[PDB]
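Below: one structure in structure tokens.
Note that the chains take the letters A, B, C, D, E, F, G, H, I and J in the order they are written out, and that residue 1 is the start of every chain.
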Amino acid sequence: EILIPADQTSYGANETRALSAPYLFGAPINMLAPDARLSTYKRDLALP
Amino acid sequence: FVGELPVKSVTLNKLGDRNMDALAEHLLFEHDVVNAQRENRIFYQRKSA
Amino acid sequence: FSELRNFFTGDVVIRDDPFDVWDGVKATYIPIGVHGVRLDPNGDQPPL
Amino acid sequence: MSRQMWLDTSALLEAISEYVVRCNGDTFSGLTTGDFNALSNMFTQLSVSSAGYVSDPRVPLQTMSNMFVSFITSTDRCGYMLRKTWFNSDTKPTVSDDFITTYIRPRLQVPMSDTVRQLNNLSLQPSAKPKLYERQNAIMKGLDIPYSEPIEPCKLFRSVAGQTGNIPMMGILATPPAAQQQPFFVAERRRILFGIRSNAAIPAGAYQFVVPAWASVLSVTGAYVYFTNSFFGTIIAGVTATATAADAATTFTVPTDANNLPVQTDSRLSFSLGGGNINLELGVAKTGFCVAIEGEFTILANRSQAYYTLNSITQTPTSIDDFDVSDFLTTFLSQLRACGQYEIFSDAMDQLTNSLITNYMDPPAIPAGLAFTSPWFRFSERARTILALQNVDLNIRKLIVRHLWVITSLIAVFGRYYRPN
Amino acid sequence: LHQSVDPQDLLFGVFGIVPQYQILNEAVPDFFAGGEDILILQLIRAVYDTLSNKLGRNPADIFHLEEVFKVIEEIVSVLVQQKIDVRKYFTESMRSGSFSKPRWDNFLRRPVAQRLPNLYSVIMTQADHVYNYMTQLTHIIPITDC
Amino acid sequence: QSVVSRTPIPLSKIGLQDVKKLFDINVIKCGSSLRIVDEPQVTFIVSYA
Amino acid sequence: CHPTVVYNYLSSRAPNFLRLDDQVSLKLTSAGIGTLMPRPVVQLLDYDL
Amino acid sequence: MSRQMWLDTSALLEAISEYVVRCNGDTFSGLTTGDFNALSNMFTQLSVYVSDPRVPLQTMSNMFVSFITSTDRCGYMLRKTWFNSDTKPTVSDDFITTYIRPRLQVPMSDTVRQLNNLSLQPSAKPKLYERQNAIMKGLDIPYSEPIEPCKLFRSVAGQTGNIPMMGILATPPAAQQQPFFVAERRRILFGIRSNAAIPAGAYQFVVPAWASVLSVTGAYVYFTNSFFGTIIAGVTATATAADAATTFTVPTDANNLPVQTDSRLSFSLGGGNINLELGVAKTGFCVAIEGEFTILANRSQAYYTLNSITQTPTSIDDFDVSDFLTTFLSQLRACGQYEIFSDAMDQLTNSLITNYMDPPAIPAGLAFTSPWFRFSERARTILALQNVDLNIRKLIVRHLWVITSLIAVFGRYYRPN
Amino acid sequence: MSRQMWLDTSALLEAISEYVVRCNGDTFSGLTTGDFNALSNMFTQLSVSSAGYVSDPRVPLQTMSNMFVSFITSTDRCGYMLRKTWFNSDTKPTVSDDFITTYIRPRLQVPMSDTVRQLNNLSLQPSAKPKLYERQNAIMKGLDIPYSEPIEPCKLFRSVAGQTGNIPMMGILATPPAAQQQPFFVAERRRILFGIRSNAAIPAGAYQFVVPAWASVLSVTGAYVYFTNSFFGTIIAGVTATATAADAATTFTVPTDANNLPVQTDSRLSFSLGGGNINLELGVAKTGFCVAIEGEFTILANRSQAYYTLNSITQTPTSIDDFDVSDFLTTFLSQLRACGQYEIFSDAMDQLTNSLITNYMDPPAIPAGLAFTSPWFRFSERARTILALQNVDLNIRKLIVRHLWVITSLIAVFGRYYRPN
Amino acid sequence: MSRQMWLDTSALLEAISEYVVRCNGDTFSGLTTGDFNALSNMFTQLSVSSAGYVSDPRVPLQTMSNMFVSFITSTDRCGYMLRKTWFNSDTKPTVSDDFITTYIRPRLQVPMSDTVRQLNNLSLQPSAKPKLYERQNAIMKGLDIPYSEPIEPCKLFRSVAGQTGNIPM
């Protein structure tokens, strides 16, 4: 499956799922799992 | 004052160019001046906000 | 003369005593409250 | 590409238009009103060749419409949009076409957009004449419409067992009757009529009226309910609208309200035709009567799926409105005539349409007995025609109408600036 | 930024690393450092607008960029109290120091998205009122159209 | 560190006299080089500065 | 704005387990009539740039 | 707290809505529109969450029904004094302290308001706020704001009703009858029906009180035989190009006003009475005034004060409150409370009437024939008690209205589940 | 000054109104909404005197209005704009008047304004009830109006050879017929009516109706076409509204559409009464018939000139509306009555009006036979009178109407804040 | 204090009960069960006004009950709870009484706790014999009970015009 098409990339290649699956949690490079430990505190301060 | 009525008027002679009082002495007759000068005290005043 | 005055008539409102202005403030926060002992939720971990 | 992407862009163009109306004659030399700031933003987000401030927004807008017509015209190009997969799912299509690449892209802020939308249905005074966007999301995704949005019930009308039509009944309603006939349920722009026609008195007492499937989603507020004798300004016969101050009171009830709703009173009523049948109680015997419910009509919450998903449809053929596209196409058409394309464009549309119906049918071929009685833009009719092929499964018929509608709407939105030269 | 890594180094990592079973958050974040550049770009962009909006059209239709930049510069400069140089932010890469219209172009293709941070918004909103007022005083000065 | 309290445009005080005047006032006594008049028209000409 | 305001702002921001330092709180809360100080604001930039 | 505080807050909620509508489908990614900035700063003003604006609103609606349900809590709002004055109330109910506070900036607000009455194109369908102020503080309504005549109707001497008069106008007359004066949504009708010709000459019709505040522009005046789309018998619409002219006169305008003519008229029935001049004897005639109706400047007081009410029982509308209830009503049924609320609502209106009559006891013969939200009805029921002095009745209606509208505004986001 | 300067400045006041309405009840303590900001800056633009949010916007607007009345009141001063020139040229005048120089001057941003304006005509949902600005441009410069802007047919009506009026025809349509009569073409607020009435049957077949000049620029979308027997809510005689489910379908054609338009169907139609005649084909003989087109009416793209420019006027005298001026006057009038100048003004307006007419005819003298039936604010009527003078030829009359209209509109906008008490 | 504060605490005592049951005969030496930690953590939170860690519950649990009995026994103390207001509003009252201050105080996490409650009415297999908490909320705040929760119809019975009773019949 194509996550991000060749067209929209600086480099040539299609950004397939097979090019993300092996690495880390296997999440698509597209949507990566973020460390949200400090998230509560942030939200309550209007920070991004 | 303005009659026996105390009031706080704008000190016109400190505004040089815009000293309406002096500006009025240019009028023709003795009283048209005083009259005008008096109207001045009545209008250019420090009023309560 | 009347008209000449009425033209040059315009009011302004000013505060009798100027405002007292300050500088910003370093928003320093300090700790409060007492903390108790919270035990790990999962309990003993599996071996190896 | 994605159906969503087309809707997002439609929405932008739709809003570019909105802000253009907002700015008309509100663009003075010293200030840059918030409105214009936003307009400028969109103008820039839509322009290819333009760097910053778009000096002449006519140009980029025009260029866009031109390419769109060029696109939606060649079955080779816009082909991908006419497949059942494009209307049913958010699958990113592998199609490279200058147009799609340049203009069709995700433009709505998620998830905020949706939450604002939901938050809206619940708001006090929604837009009375909503954007196509709303309708698009209804017809396509089957989403809700604002609870307080009013509509003319006569559009809501579809055909049911008893009556095969609304406007048609007018002719009949005007002909003195032979004997006591069955009940009728018609609808105008601003009111709903129901009653029983007869050549001889109808006894006082109770009478149930089956609220037809199409109207079982309506609701009224600030409504007056009285005895009348005209339908669309056409005198109804076999009904008496007379009465005396001495007359016993006539009232009706709805399965939703425990209290009786008075008739022929100056009181403004609120009730809903959803829940079952209305129970009229003729207080005095009358030689044929007709009750009128005139007020503001709205579609009950979470029931707009019937109207927009073509689910309130049970018979064949059937009367069907057009979800108002006809009202938006005006501009585009006006442009098409001004440059002769009117003819060519039409021929290209019949093509678009044919090719669409094609893909919706296994095996891939035009069904027999299919001939249109009207042009691509008189949708109301073409929808009937399509919803009348008894040789094609019903549900597939519906989908075809829905789908074709969206393509039409898009055309109404994107074509407007077309100045082919 | 780039560097090379040997996955093989992970060998001794596996056989040699000794966990401490505990996280040593002894440090403290400098959570907000690094905006300096963004701010300037953000202002450069916002000033481009305040100029264009008043001009009633894209400055580049009648001005050489060098002209438009000098203005944007002075203005941004006053807002930050630092000499600014718009040109340096838009090059094809860190390598060459040569300006690149195409990058400046793409920078303008992305319209002002968020409201400017409060400190600057006030400054600008205020200027905009004065410019509006000052402008109405035009019908006072001694200038006729012929 | 999330909060910043700085003053955008520190404002300065000024006295009424220091206000930039936009009008000039000239006084003339209009007569005539035709008939002889004793009631010259004390006139005030206000022009922009 | 008046210091009182600043206090209410800063103090409500205090994240869990913290309070605004006292001395600061007091100086802010003790301000009298007519005193003013800059409004605290959270500065966020357009990272995307 | 203060009656004003509730209004201000309501007004804010109506603002939230307005801007929520303004933002619908105009929430693009590369852009922060002015509307959204405002809508954002507005959610901010509600709760002393910035993510999903639905939660703080839900919370608010929830606490609201919770409050408006218990007589013990919202009781302070049901006293004669609350609707009467701007006296700060001594109440410790955390719904009040959390959400009801002054919201509008003074004096700028009022200034804009008046400046508005003078605006060219006011809102055709106004917010509840305007109405609230009119019914409570008796403030003005915009001079160019349109109004459907029929709502303005009120029972008078001769005619008992408007819509009821229909069925009668439809029965062929016995002999020449008394003149009538009805009103539709978009026009006003007056005339004299007879079974035999009516001479040509002058005929005076006196405008009933309820209609003496009406004014029209872009109006066509002609002869018809239809009322609300129902045939009017005992009247003829016949005419001939040869017929002599038929003109009418109004106290305010010295010149004649043509009938059955294609000209667009402007005139105000507020001087006393129309003075029709029939040109050719007609066998029962009905004149029609179809155009844009507004309420004469500084006279809307009558309508909104329930002071155009003279007779009793009187038939009255609900100031459109019904149209605003729709949403809240929908949420009520959605979570199965439509019944519970309607009961608590009954005690509210019940307990309210109480505090208006001394000694403190529900009047004799108080029978509600309809539910809390069919106002127009309960309104007349309240206005029917021969027990209670008249004016007191009127206040009860006005006061109840305001509370009803409040519900219509604050409850919309309700969801207990 | 130049006519343009007046229009520009009017547009500003109209915009000030707009934003005042936008701000009403949306002015909370901790918020400065974009709307209020703009409104604030516009106040500044009007009278430089009130800078800042501080100022009571009332007094500067009041002062403005006040001078406007004393200006438009003294023929000596406002004389200049009552001349032939001012209306058809952009030549900056040689006027040395106080009001003019203080308030009248270029206010719109060029050329962006003009670009936005044209872009508007193509907008999807234009203002349903547009500002005086638009009409002003239309009536004076003969500019274009939006393609999707709705219009009420009857307003478009003007006298032709056959019918001398639209409303008056009602009294005739009521009287039963002697024998088959010539066709009738009338218009209501929301629908158009045409047909033939007789005391004896009319055979099935082809009948042709010539769309009268005034309606030859109409266009409908979302329209139902059926048979009725009422006009403006009055019973029409000599027309059968009867029909059977058996009857042979009736149909009509427009020179614009190759396909047949169905009658008595629940189909929403789109067509234009432009470019020709209507071909009605009665499927069954009817003892007199009346067809009704009911939908959303709009003036064809670019043809609006006819209406607003007074070209549709062929006869003498004709029927004529007031381009909705009446609707805008209300406020100002209400304000006159409030301070007791209603009479003094009406007198001055009469001379304004008289001198205006004087300057249009060479040699300089009120034509004889000029007697006014109504006051200055009942335009539609005074227009009829101006357009009825046999002395002066059509064009001069027409111009006078137009030129007078603009002065009247200007009043409606500029005097509203009038209070000299 | 708050009617809510009592419910909250009650909920906690009930949780403690639940976990005491879960831990029964599942307390093996050398093994710290996740359940036992939760049980332990709850104890702590109970005596939160006097401790930050707890060894054996036998005592504080006892103390709490004893004091509670000594509370709802004396009208003078628990009077504030018998007023019409305490059942209607969430107004934080002020009561000077060792028991109230020491044990009755906010326990549930807001709003996360409510979110879970809702997500529950939707659960596939809710508790067959639910806790008192649920009932308390229903009877007091009139909240919803899980859609799939079984119930014995006879309990639901009430008197109606026709037949006066259920068992009597």
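Criterion: contacts are C-beta pairs under 8 Å (C-beta built on N, C-alpha and C of every residue); 3 or more make two chains touch, one makes a residue touch a chain.
Chemist: Please work out which of E-H and H-J is bridged by more C-beta pairs in contact, and write that pair.
Modeler: H-J
Chemist: Hey, which chain ends up farthest from chain A, C-alpha centres compared?
Modeler: Relative to chain A, the chain whose C-alpha centre sits farthest away is B.
Chemist: Would you kindly tell me how far, in whole Å, the mean C-alpha position of chain G lies from that of chain A?
Modeler: Roughly 37 Å separates the two chain centres.
Chemist: Taking the mean of the CA coordinates per chain, how far is chain B from chain F in Å?
Modeler: The computed centroid separation for chain B versus chain F comes out at 17 Å.
Chemist: Nearest whole angstrom, what separates the Cα centre of chain A from the Cα centre of chain E?
Modeler: 26
Chemist: Distance-wise, how many Å sit between the C-alpha centres of chain B and chain J, to the nearest whole number?
Modeler: Distance between chain centres, rounded to whole Å: 82 Å.
Chemist: Touching two or more other chains, which residues of chain B qualify?
Modeler: Within chain B, the residues that touch at least two other chains are 18, 23, 27.
Chemist: Which chain I residues sit where two or more other chains touch them?
Modeler: 14, 18, 34-35, 37, 41, 44-45, 109, 112, 131, 230, 233, 235
Chemist: Please give the residue numbers of chain E that touch chain D in the complex, ascending.
Modeler: Where chain E meets chain D, its residues are 48-49, 52-61, 105, 108-109, 111-112, 128, 131-132, 135-136.
Chemist: Mind pulling up the chain J residues that touch chain H in the complex?
Modeler: 84-85, 88-91, 111, 118, 121, 142-144
Chemist: Per the contact definition, I'd like the list of chain H residues that touch chain D in the complex.
Modeler: By the definition above, chain H touches chain D via 14, 17-18, 20-21, 23-31, 33-35, 52-54, 57, 125, 127-128, 150, 153, 160-164, 166-168, 170-171, 226, 228-231, 315-318, 320, 322-327, 329-331, 334, 369-371, 373-377, 380, 409, 412-413.
Chemist: Per the contact definition, I'd like the list of chain G residues that touch chain F in the complex.
Modeler: 6, 10, 13, 37-43
Chemist: Once bound in the complex, which stretches of chain H touch chain I?
Modeler: 11-12, 14-15, 18, 34-35, 37-38, 41-42, 45, 102-105, 108-109, 111-116, 118-124, 127, 129-130, 143-144, 215, 217-218, 220, 222-226, 229, 231, 236-241, 243, 253-256, 258, 260-266, 288, 290, 292, 294, 296-298
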